[PDB]
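Here you'll find one protein chain in two forms, each presented separately as C-alpha cells under the names structure 1 and structure 2.
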Structure 1
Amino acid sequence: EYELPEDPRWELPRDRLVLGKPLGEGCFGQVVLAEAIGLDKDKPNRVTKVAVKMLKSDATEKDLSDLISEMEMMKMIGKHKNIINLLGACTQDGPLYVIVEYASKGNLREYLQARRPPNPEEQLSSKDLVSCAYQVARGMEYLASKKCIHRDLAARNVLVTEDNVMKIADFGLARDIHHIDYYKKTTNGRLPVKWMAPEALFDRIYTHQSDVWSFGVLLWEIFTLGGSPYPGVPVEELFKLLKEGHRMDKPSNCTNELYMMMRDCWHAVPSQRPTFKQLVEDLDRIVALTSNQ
C-alpha cells in the first residue's frame, strides 16, 4: 500500500534524492545517507547531505504506521537546533522515505571515545565537555516543553554534526507496549536498563523527571569520555544496587559541581530532581566559567 496522503509543505520529489549507503557500521540499513537536491525552495541547485529512513524489505502493515507516526510526531514537536529535525518526506509514487538531518561524526558515545588521549582525531577541552552537556540539556528542555518524554535518553541517542552540534535522536517513538525486555543489550553490548529511573524501572512510571535521571547518567557518560555505566553488572544485581540507593562514582576529570549535578539528577524522589530548565541555566553558567585550557 503506497497510497498516502500528501502534505505539500514537506513533500520532496523522489528524483531529488540520491540515496547513499547505510549509516553507522551498517546494521540498521533501514536508515541511509543520501543527497537531497533543492531541499529548500530557494535555489534548487544546491545539494544537502541528509539521512533517509525507509521501510525494510519485510515491512509489516504496522511498521508502516510506526514510521508514519514518528514522522507526524516530529512535525508536531517542531524544530530545534539540538534535535534531529525533519527536513522532508517522499510519500507518493513509491515507498515511504522520511528525510531528517544528517550527523557525520556519529553518536556521542563514539564521538567521545574517539577523542580520548592515550593519527589522533581531537581532544576536548573541559569547556567542550560541559558544552556538550549544555547542548543536550537545551535539546531536552525543548522536547520537555513539547510534552515529549524520551524513551532512552543516552549518549548513543545523541548525534553529532560536522559543526559539533549535539542532536537528540529517537524522540519520536512510542512507549513499546509493556514488555520493555530488560535483558536486551544494545549493539555495543550495554544494558539500556542502566539509564532508567527507578520509578520507570520498578513502577513503569515515565515522566519528564525520569528523563532527568537519564540525563544524569548521560552526564556521567560525557565526563568519563564515553565510559560504560556499571561494568560487569547484570540486570538482577543492578536492581539490588538501586534498591540499596547506590550511585555511580565521580568520574576522574569531573569537578565536584558537576558530580553534584549528576547526584541531583539521581535524586530518589522524582519531584526533587532539577528540571531541564534548571539544568540548562546552571550548565550555561558553568560553561562560561569553565577553562578552555
Structure 2
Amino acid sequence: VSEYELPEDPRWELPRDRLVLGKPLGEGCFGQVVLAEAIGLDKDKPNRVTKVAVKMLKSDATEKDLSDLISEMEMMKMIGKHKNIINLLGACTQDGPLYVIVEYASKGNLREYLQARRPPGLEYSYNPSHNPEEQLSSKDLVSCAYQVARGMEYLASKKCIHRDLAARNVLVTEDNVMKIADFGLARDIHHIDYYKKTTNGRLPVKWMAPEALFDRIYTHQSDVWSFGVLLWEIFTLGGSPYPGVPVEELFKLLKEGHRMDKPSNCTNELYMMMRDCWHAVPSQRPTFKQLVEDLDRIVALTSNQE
C-alpha cells in the first residue's frame, strides 16, 4: 500500500489486471513508458483489446516525481481530448504503483519518423534507418505541419503553454496521425541548465524563443516560435537546428537577428512562415489560429505527386 493518497477517479480507473504489459517504449529520468494491451478499456466493449502506452515511475522515484506524474494526469483531464494530441485513456491508482494510460502512437516520434523516410540525394542528410520507409509527398509534409498546428491551436484554446514544442515531442500513430506529447508536464520550479542534454541527446535551448532564453518568459507566442523551429525540422526531414552553432552563442546570434537559412527543399512561402514565427517581437508573430488557416490552404495547394 502506498503511503500517499493517490486520487481515484471512477470515470478513469482501470483494474490493473486489465492491462497486459508489453515492451518498453522509452525511458527517461522520470520513469518509463511501456506498450500494453488493455482489456475492455471501453466499458461498452468489455471483450476487446486496445494497444495503449502506460507511463509509470522508476523505482528510484521521489515524492515530487509522483506529484509531477499525478499533475500530468490531472492536467490532461482538464485540457480534454483532441485528435492531434496524446489523449488520456485511463489510470491505475489502486493496488500498485501509479500507471497513467494514454493513446499509443506506434510509429514513434516525428523526428525519427521523418529521418527514416529520407530519400537519397542532395536535399537531405543521409537516412540513418536500417529499415527505411517510403518517402513522404510534399503534401504529406505540409499536412504534418498542419496537424501539429491544429493540436497547438486546441491546446492554446485551453490555455496550455507547451514550452518545449519540438519534433521529438510529436508522436505518430499507425494511421500517421500527428499527436503532440508532453503538453501536460509540470514546469520546473528551479532555474534550468541550458547546456544539459535530454535523455535522448537533444538541447531544448534550440527551440526556445529569445524571451524564453533570456528572461524565462513562456507564452503562446513563444510556442509559435518553437513551431517555426519544428517547421524547419519537418522540411529537413528530422534535421538538427542551427547546425555547427555552439549553444553558448545562440542568444547573441538571435539577438543580432540570426535565423536559420531555408532548408534546400522548402517553398519560399513556408520559409516565410518560419521567419514569421521567428519574429523578434512576440506580439508580431502569427497565432496558431492563423497558422492553421494558412496551412489548411497550403495543404490543398500542395502536390502529393512527389
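Residues that one form lacks are left out of the comparison. All residue numbers here refer to structure 1's sequence, counted from 1. Just so we're on the same page, rigid core means the largest C-alpha set that superposes within 1.5 Å between forms.
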Original post:
Rigid core as reference, CA moved 2 Å or more between structure 1 and structure 2 - which of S125, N188, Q113, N164?
Top reply: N188
Original post:
Does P13 count as moved between structure 1 and structure 2, where moved means a C-alpha shift of 2 angstroms or more after fitting the rigid core?
Top reply: no
Original post:
Does the distance between the two CA positions of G245 reach 2 Å or more between structure 1 and structure 2, the core being superposed?
Top reply: no
Original post:
After superposition on the rigid core, does the Cα atom of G38 shift by at least 2 Å between structure 1 and structure 2?
Top reply: no
Subject >> Shift in Å of the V47 Cα between structure 1 and structure 2 [rigid core superposition] >> reply: 0.4
Original post:
Can you give the CA shift of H178 between structure 1 and structure 2, in Å, with the two forms fit on their core?
Top reply: 3.4
Subject >> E25: CA movement between structure 1 and structure 2 [superposed on rigid core, Å] >> reply: 8.1
Original post:
Where does the protein shift between structure 1 and structure 2, taking runs of 3+ residues with every CA moved 2 Å or more once the core is matched?
Top reply: 1-5, 24-29, 186-190
